[PDB]
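Trainee: What follows is a single structure, and I will ask about it in a moment.
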Amino acid sequence: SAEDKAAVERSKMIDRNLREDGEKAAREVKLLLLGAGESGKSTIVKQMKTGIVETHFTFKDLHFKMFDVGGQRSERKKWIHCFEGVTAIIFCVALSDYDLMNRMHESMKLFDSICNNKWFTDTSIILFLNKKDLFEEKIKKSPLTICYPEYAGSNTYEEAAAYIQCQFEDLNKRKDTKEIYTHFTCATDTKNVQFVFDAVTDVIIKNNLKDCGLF
Amino acid sequence: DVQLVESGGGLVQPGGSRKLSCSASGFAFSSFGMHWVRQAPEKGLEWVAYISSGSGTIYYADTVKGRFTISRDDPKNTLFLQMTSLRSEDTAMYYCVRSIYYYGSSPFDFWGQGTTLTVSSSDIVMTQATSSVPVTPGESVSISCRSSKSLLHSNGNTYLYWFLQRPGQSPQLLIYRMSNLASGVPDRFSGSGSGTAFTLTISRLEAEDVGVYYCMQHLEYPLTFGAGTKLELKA
Amino acid sequence: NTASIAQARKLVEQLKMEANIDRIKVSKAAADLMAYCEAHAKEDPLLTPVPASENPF
Amino acid sequence: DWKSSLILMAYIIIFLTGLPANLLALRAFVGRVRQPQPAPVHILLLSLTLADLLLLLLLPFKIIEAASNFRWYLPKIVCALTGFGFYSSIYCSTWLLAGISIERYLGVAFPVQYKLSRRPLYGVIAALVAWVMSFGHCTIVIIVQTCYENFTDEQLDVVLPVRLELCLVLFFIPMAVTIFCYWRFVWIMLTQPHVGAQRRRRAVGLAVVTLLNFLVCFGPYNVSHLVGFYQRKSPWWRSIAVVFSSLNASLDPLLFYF
Amino acid sequence: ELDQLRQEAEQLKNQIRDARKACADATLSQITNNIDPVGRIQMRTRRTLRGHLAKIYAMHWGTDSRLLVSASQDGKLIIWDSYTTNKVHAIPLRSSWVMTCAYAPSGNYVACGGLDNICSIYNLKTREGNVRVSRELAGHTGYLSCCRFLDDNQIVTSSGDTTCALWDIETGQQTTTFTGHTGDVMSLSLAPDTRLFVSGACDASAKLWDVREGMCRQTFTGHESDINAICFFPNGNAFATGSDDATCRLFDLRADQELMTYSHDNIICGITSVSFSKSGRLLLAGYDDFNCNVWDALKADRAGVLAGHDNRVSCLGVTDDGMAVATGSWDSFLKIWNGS
């Protein structure tokens, strides 16, 4: 007829804009900032290049979106499925709260529930053990046994920091299908964005092989 | 504030060329289709050309096909109408009318001020009632309309449009799809019809209702305006 | 503390308001649902499908 | 004879296990293209399935040819059309497979560049290039035309230079590309640190078997072109070498099944 | 002091339960067992609306039973013409984490919200041809979980901060605040008279609220997990509840207790959406098993099954006239179902 065209033409123009928006979004990388109790979360936010905070930064011609849901203050199980299919999850843990129901134990508790999540079966996890400068000074006067009663090593920073990383890396039950990246950062560290870019490169490699049927 | 300003008119020799520019301000010009309608001196309205929102669909009247071309500039919100081989019958007041898919129809709600162009030297037929009717404030008027083809469609929509042209002002949409009241129109106006015969009723008359009433079908493209009924106050 | 007592007091006031309300029998309430379903069964296209003549979909 | 029976029998096996497997392969790949964000590999896979399905359509003609003990009872125009479509699909699949190897290699070598630059237009262009190049080069079957068999003195001086050019341009170029792309793909995958051990073997194994299928199926057919030119005679073992080429049309759905 | 307050609370709860048992003579199953069964129900997909590029969370129909509005995670609100499949409008969103959308009864406004904790109202009828945002309702400390329109100026908003609020449009202030829940309220359903509404929360409880006085009328319990779906009976004297377990429950406002239990052994997944037919005879509920089940509201018998989605059915509803049922799912598709 002579009036079906007008409605259809307007409708067809919408999918043209919808396809352009989808193509642009498909070229973007989504990151889920999932720290606990401001464990250096703000430090790593400024080092890259309200319910949920959105942060955009460009590194090596790749667009990154970081979502912070620390201000939600609600049951996580009712909205954590919205982040299914995310490229990776960025986890921030402060090493200085081991002497603060313990702050460190709360971090592992929420890490265990999030790493072993049904919606995050094969998602990449980037663990950021920040505040390492304060950890070195604190470990010289307060032993690690206050937080971990089973610790047997000395108070040297190198092994104490490694011990914390091993416990966090031992909380995942799917080591055969997912990988956790651990990086020690500080306020003056400038390679944090490179570490995130390196971690998401294999995720892109992971998706590239699935597109051609190799996975 | 929706605004459509027309410029680029004047005295043209026969066989010459001219271009009309319609500047759009105050609305999303990209999503609005545009129509060209001219009114010959002491005559009625007639459709000229139409351009779609995305410029994919373009149509012209049979009296201007080939000679006339229409174009739009979305970034500059300007509508163009290039003219070639201008004749003495092209002397009229050209209006740029915005049109979008609105309320399940394609209304002609806003019309431009118009520009003066002087050249010195199968279609559905809509038949109007008597061109002049004497009326006084406080009475009820009834304007009739006849269509050669049934404007009722298989989807239940009868594509009939009612316009009012006040003395010295551009036409204004009153009724679209024979039953719907346009925005900013008082509830005095009403529209009724069935297939080919249509009636527009004004319940309470006012001094601001003086003008010529036009009916145009949107069934086929090829939109045709009626002769027009003029409402004048009694002495 | 004060907040705990105030929270308990608010719950008590809410509970007593819900207790002293008029409750009709379940059988009477059940029959009301049955009557409405039977009365409006004809005007339910989901219940009794209409012919394709008057079906836009 | 025994040679005719063995050739005849293997064609039904490819026909019975190739036609269905290609059907679900096509319907899966057709839907993927209509799905949002189609990768260039999907278009290449769709074109490969069409070329593989095309080869299966004229397989009954080869069966009928082998049924009559290599005797042609059909009009010459039919065989020329039969030969043109059949041989074009072999060369079309050769370039489409090479294009797939390029896509796989670019995925592991430059994953960021591949993701940011992939568009369905590149897959269409690559598929179109393979289609026009294979079709144009395989017109010699119609131009030259037991059908497609021993020639006396004149076509021998004509087909052999064309057959030699067919092996070099149409096969050795994709063969070099396929080997180059898969050799670096295996090297990259093996030395990639952050890939799961179980899935790393799957990617390497699938890449190796695809390269072996390319060499095994398209190898003997193009070597006969080199062998025939050297002796200035049409090779007698061309028919059996063709059977290997048609075998790829059936294993391709299996290669992209799981 | 503080000790005796809890003791009197349990005594009040016991009295309420005793009153509920006293007014319970015969269940709905015994009364309805004599009437004829509804039989097997066959429905077919008439329209498949495509264009969404992410998981769909909202579906709400329009009052004209023709215009549809849907929300997804791509940050786009699409207004659908169900008769012609044409997309009337495409509204970009500031935040792409919208979970619910609402259609005004007048058809002039559309509201949506999500993890931004802001209910944004978009004007659909303006002099300009674009759709612009009109109001941004701020004040909730939790994610938006439901929004319903009473008129052009009043909207009830359910949020993840355990509290519900009644908002004003021309003045971005909370007219009344509804408190009393202990968990996040995930859904709300308005009564036909726009005088009362029911909200289901994560504490396996449903509360009946009065809009004008802004306080809870009654509290309904019986579920074992979080409540995700709610719908109001056409009478206004009953409502249906869908929880995180495989059980659907029908409650009576006047009886103030459980009436009928809808469950089956083969179902283990939860319920995301619940809707009623025109006559309130068919209970339609979406599930996490990629399937939709049609329940006989009077006999708890499974009348029919809607299997047309490859992902979880998140949103579902029935037209005002009840002619068609539109089902949304995480597979980024809308499906309209009609009977033969």
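Residues in the structure tokens are named by chain (A, B, ... in the order shown) and by number from 1 within that chain; ligands are numbered from 1 in the order shown.
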Could you give me, as a PyMOL selection string, the residues within 7 Å of range 41-56 of chain D, counting only C-alpha atoms and dropping anything in the same chain fewer than 3 positions from it?

Mentor: (chain A and resi 212) or (chain D and resi 15+19+22+26+29-30+33+38+59+86+89+92-93+96+100+103+123-124+127+249)

Trainee: Selection from above, C-alpha atoms, as a short mmCIF file (atom, residue, chain, number, x, y, z; two decimals), in the first residue's frame, can you write it?

Mentor:
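Writing done, so here's out_9.cif:
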```cif
data_model
loop_
_atom_site.label_atom_id
_atom_site.label_comp_id
_atom_site.auth_asym_id
_atom_site.auth_seq_id
_atom_site.Cartn_x
_atom_site.Cartn_y
_atom_site.Cartn_z
CA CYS A 212 36.24 -19.87 13.82
CA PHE D 15 27.43 -39.12 -1.38
CA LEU D 19 24.89 -34.75 1.47
CA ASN D 22 26.45 -30.68 4.60
CA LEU D 26 24.53 -25.22 5.82
CA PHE D 29 26.01 -21.49 8.96
CA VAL D 30 23.11 -19.78 7.16
CA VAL D 33 25.20 -15.05 8.93
CA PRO D 38 28.80 -12.10 11.51
CA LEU D 59 28.42 -36.46 -7.78
CA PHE D 86 32.72 -30.02 -10.41
CA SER D 89 34.23 -26.36 -6.60
CA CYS D 92 36.94 -22.75 -4.93
CA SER D 93 37.21 -24.83 -1.76
CA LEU D 96 38.24 -20.67 0.80
CA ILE D 100 40.04 -19.58 6.69
CA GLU D 103 41.53 -15.68 9.58
CA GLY D 123 34.59 -12.17 4.07
CA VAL D 124 32.36 -11.35 1.09
CA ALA D 127 34.60 -15.34 -1.05
CA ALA D 249 33.47 -32.21 0.61
#
```

Trainee: Write down, as a list in words, each residue of chain E that has any atom within 7 Å of an atom of chain B, counting only C-alpha atoms.

Mentor: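 Result, ordered by chain then number: residues 128, 129 and 130 of chain E.
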
Trainee: With only C-alpha atoms as the atoms that count, which of E:172, E:51, E:308, E:339 lies nearest to chain D?

Mentor: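 Going through E:172, E:51, E:308, E:339 one by one, the smallest distance to chain D is for E:51.
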
Trainee: If we count only C-alpha atoms, what is near range 143-156 of chain A at a cut-off of 12 Å, once residues fewer than 2 positions away on the same chain are taken out, given as a PDB file with N, CA, C and O atoms, in the first residue's frame?

Mentor:
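Result saved to result.pdb:
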```
ATOM      1  N   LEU A  95      46.670  -5.336  50.834  1.00  0.00           N
ATOM      2  CA  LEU A  95      47.464  -6.206  51.691  1.00  0.00           C
ATOM      3  C   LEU A  95      47.667  -5.632  53.087  1.00  0.00           C
ATOM      4  O   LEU A  95      48.186  -6.339  53.958  1.00  0.00           O
ATOM      5  N   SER A  96      47.271  -4.382  53.320  1.00  0.00           N
ATOM      6  CA  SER A  96      47.501  -3.729  54.602  1.00  0.00           C
ATOM      7  C   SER A  96      46.375  -3.945  55.605  1.00  0.00           C
ATOM      8  O   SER A  96      46.514  -3.524  56.758  1.00  0.00           O
ATOM      9  N   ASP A  97      45.272  -4.578  55.211  1.00  0.00           N
ATOM     10  CA  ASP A  97      44.141  -4.769  56.108  1.00  0.00           C
ATOM     11  C   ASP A  97      44.170  -6.117  56.821  1.00  0.00           C
ATOM     12  O   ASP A  97      43.177  -6.491  57.454  1.00  0.00           O
ATOM     13  N   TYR A  98      45.279  -6.855  56.730  1.00  0.00           N
ATOM     14  CA  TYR A  98      45.409  -8.118  57.447  1.00  0.00           C
ATOM     15  C   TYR A  98      45.471  -7.932  58.957  1.00  0.00           C
ATOM     16  O   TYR A  98      45.358  -8.919  59.692  1.00  0.00           O
ATOM     17  N   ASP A  99      45.647  -6.700  59.434  1.00  0.00           N
ATOM     18  CA  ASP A  99      45.637  -6.414  60.862  1.00  0.00           C
ATOM     19  C   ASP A  99      44.495  -5.451  61.162  1.00  0.00           C
ATOM     20  O   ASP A  99      44.671  -4.463  61.881  1.00  0.00           O
ATOM     21  N   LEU A 100      43.325  -5.723  60.593  1.00  0.00           N
ATOM     22  CA  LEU A 100      42.164  -4.860  60.769  1.00  0.00           C
ATOM     23  C   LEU A 100      40.888  -5.682  60.919  1.00  0.00           C
ATOM     24  O   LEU A 100      40.076  -5.432  61.811  1.00  0.00           O
ATOM     25  N   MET A 101      35.421 -11.655  60.976  1.00  0.00           N
ATOM     26  CA  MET A 101      35.205 -10.213  61.006  1.00  0.00           C
ATOM     27  C   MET A 101      36.438  -9.466  60.508  1.00  0.00           C
ATOM     28  O   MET A 101      36.425  -8.241  60.384  1.00  0.00           O
ATOM     29  N   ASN A 102      37.504 -10.212  60.226  1.00  0.00           N
ATOM     30  CA  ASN A 102      38.729  -9.608  59.725  1.00  0.00           C
ATOM     31  C   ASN A 102      38.522  -9.072  58.314  1.00  0.00           C
ATOM     32  O   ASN A 102      37.779  -9.650  57.515  1.00  0.00           O
ATOM     33  N   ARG A 103      39.182  -7.951  58.013  1.00  0.00           N
ATOM     34  CA  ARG A 103      39.031  -7.333  56.700  1.00  0.00           C
ATOM     35  C   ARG A 103      39.558  -8.238  55.592  1.00  0.00           C
ATOM     36  O   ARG A 103      38.932  -8.362  54.533  1.00  0.00           O
ATOM     37  N   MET A 104      40.714  -8.871  55.814  1.00  0.00           N
ATOM     38  CA  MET A 104      41.262  -9.773  54.806  1.00  0.00           C
ATOM     39  C   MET A 104      40.349 -10.971  54.578  1.00  0.00           C
ATOM     40  O   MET A 104      40.097 -11.357  53.432  1.00  0.00           O
ATOM     41  N   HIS A 105      39.834 -11.564  55.659  1.00  0.00           N
ATOM     42  CA  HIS A 105      38.984 -12.742  55.521  1.00  0.00           C
ATOM     43  C   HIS A 105      37.687 -12.417  54.794  1.00  0.00           C
ATOM     44  O   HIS A 105      37.145 -13.270  54.081  1.00  0.00           O
ATOM     45  N   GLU A 106      37.171 -11.198  54.966  1.00  0.00           N
ATOM     46  CA  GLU A 106      35.996 -10.781  54.208  1.00  0.00           C
ATOM     47  C   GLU A 106      36.297 -10.732  52.716  1.00  0.00           C
ATOM     48  O   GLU A 106      35.443 -11.077  51.890  1.00  0.00           O
ATOM     49  N   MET A 108      38.461 -12.621  51.022  1.00  0.00           N
ATOM     50  CA  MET A 108      38.481 -13.983  50.496  1.00  0.00           C
ATOM     51  C   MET A 108      37.080 -14.579  50.445  1.00  0.00           C
ATOM     52  O   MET A 108      36.764 -15.356  49.536  1.00  0.00           O
ATOM     53  N   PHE A 135      52.199  -2.648  53.266  1.00  0.00           N
ATOM     54  CA  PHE A 135      52.327  -4.022  53.741  1.00  0.00           C
ATOM     55  C   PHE A 135      53.751  -4.323  54.193  1.00  0.00           C
ATOM     56  O   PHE A 135      53.956  -5.052  55.170  1.00  0.00           O
ATOM     57  N   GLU A 136      54.747  -3.779  53.488  1.00  0.00           N
ATOM     58  CA  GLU A 136      56.137  -4.018  53.859  1.00  0.00           C
ATOM     59  C   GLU A 136      56.449  -3.456  55.240  1.00  0.00           C
ATOM     60  O   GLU A 136      57.141  -4.098  56.040  1.00  0.00           O
ATOM     61  N   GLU A 137      55.953  -2.253  55.538  1.00  0.00           N
ATOM     62  CA  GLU A 137      56.200  -1.659  56.847  1.00  0.00           C
ATOM     63  C   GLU A 137      55.427  -2.383  57.942  1.00  0.00           C
ATOM     64  O   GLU A 137      55.952  -2.602  59.040  1.00  0.00           O
ATOM     65  N   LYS A 138      54.175  -2.757  57.666  1.00  0.00           N
ATOM     66  CA  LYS A 138      53.355  -3.411  58.682  1.00  0.00           C
ATOM     67  C   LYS A 138      53.890  -4.794  59.033  1.00  0.00           C
ATOM     68  O   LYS A 138      53.874  -5.192  60.203  1.00  0.00           O
ATOM     69  N   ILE A 139      54.364  -5.545  58.034  1.00  0.00           N
ATOM     70  CA  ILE A 139      54.844  -6.898  58.287  1.00  0.00           C
ATOM     71  C   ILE A 139      56.125  -6.898  59.111  1.00  0.00           C
ATOM     72  O   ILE A 139      56.470  -7.922  59.713  1.00  0.00           O
ATOM     73  N   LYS A 140      56.840  -5.773  59.164  1.00  0.00           N
ATOM     74  CA  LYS A 140      58.045  -5.678  59.976  1.00  0.00           C
ATOM     75  C   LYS A 140      57.748  -5.540  61.463  1.00  0.00           C
ATOM     76  O   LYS A 140      58.655  -5.739  62.279  1.00  0.00           O
ATOM     77  N   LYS A 141      56.512  -5.210  61.834  1.00  0.00           N
ATOM     78  CA  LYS A 141      56.129  -5.077  63.234  1.00  0.00           C
ATOM     79  C   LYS A 141      54.942  -5.937  63.639  1.00  0.00           C
ATOM     80  O   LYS A 141      54.789  -6.208  64.836  1.00  0.00           O
ATOM     81  N   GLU A 158      58.587 -10.871  50.842  1.00  0.00           N
ATOM     82  CA  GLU A 158      58.494 -11.642  49.605  1.00  0.00           C
ATOM     83  C   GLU A 158      57.665 -12.906  49.797  1.00  0.00           C
ATOM     84  O   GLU A 158      56.765 -13.198  49.000  1.00  0.00           O
ATOM     85  N   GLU A 159      57.953 -13.672  50.849  1.00  0.00           N
ATOM     86  CA  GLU A 159      57.200 -14.896  51.096  1.00  0.00           C
ATOM     87  C   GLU A 159      55.833 -14.619  51.710  1.00  0.00           C
ATOM     88  O   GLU A 159      54.881 -15.361  51.443  1.00  0.00           O
ATOM     89  N   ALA A 160      55.716 -13.575  52.535  1.00  0.00           N
ATOM     90  CA  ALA A 160      54.419 -13.233  53.111  1.00  0.00           C
ATOM     91  C   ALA A 160      53.431 -12.810  52.032  1.00  0.00           C
ATOM     92  O   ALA A 160      52.264 -13.220  52.053  1.00  0.00           O
ATOM     93  N   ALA A 161      53.877 -11.983  51.084  1.00  0.00           N
ATOM     94  CA  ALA A 161      53.012 -11.594  49.975  1.00  0.00           C
ATOM     95  C   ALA A 161      52.670 -12.790  49.096  1.00  0.00           C
ATOM     96  O   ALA A 161      51.537 -12.913  48.619  1.00  0.00           O
ATOM     97  N   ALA A 162      53.642 -13.677  48.869  1.00  0.00           N
ATOM     98  CA  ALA A 162      53.382 -14.873  48.074  1.00  0.00           C
ATOM     99  C   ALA A 162      52.385 -15.791  48.768  1.00  0.00           C
ATOM    100  O   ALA A 162      51.547 -16.420  48.110  1.00  0.00           O
ATOM    101  N   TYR A 163      52.463 -15.887  50.098  1.00  0.00           N
ATOM    102  CA  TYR A 163      51.535 -16.737  50.836  1.00  0.00           C
ATOM    103  C   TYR A 163      50.098 -16.256  50.678  1.00  0.00           C
ATOM    104  O   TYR A 163      49.180 -17.066  50.505  1.00  0.00           O
ATOM    105  N   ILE A 164      49.882 -14.940  50.742  1.00  0.00           N
ATOM    106  CA  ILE A 164      48.538 -14.394  50.569  1.00  0.00           C
ATOM    107  C   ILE A 164      48.017 -14.694  49.170  1.00  0.00           C
ATOM    108  O   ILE A 164      46.848 -15.059  48.990  1.00  0.00           O
ATOM    109  N   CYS A 166      48.831 -17.189  47.189  1.00  0.00           N
ATOM    110  CA  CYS A 166      48.523 -18.609  47.044  1.00  0.00           C
ATOM    111  C   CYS A 166      47.167 -18.950  47.649  1.00  0.00           C
ATOM    112  O   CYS A 166      46.401 -19.731  47.072  1.00  0.00           O
ATOM    113  N   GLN A 167      46.855 -18.382  48.817  1.00  0.00           N
ATOM    114  CA  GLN A 167      45.560 -18.640  49.440  1.00  0.00           C
ATOM    115  C   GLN A 167      44.417 -18.114  48.582  1.00  0.00           C
ATOM    116  O   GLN A 167      43.387 -18.783  48.430  1.00  0.00           O
TER     117      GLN A 167
END
```

Trainee: Could you please write out, as number ranges by chain, every residue of range 36-201 of chain B that DSSP assigns to strand (DSSP E)?

Mentor: B: 36-39, 45-51, 58-60, 68-73, 78-83, 92-99, 115-119, 126-128, 132-135, 141-147, 160-165, 171-176, 180-181, 189-194, 197-201
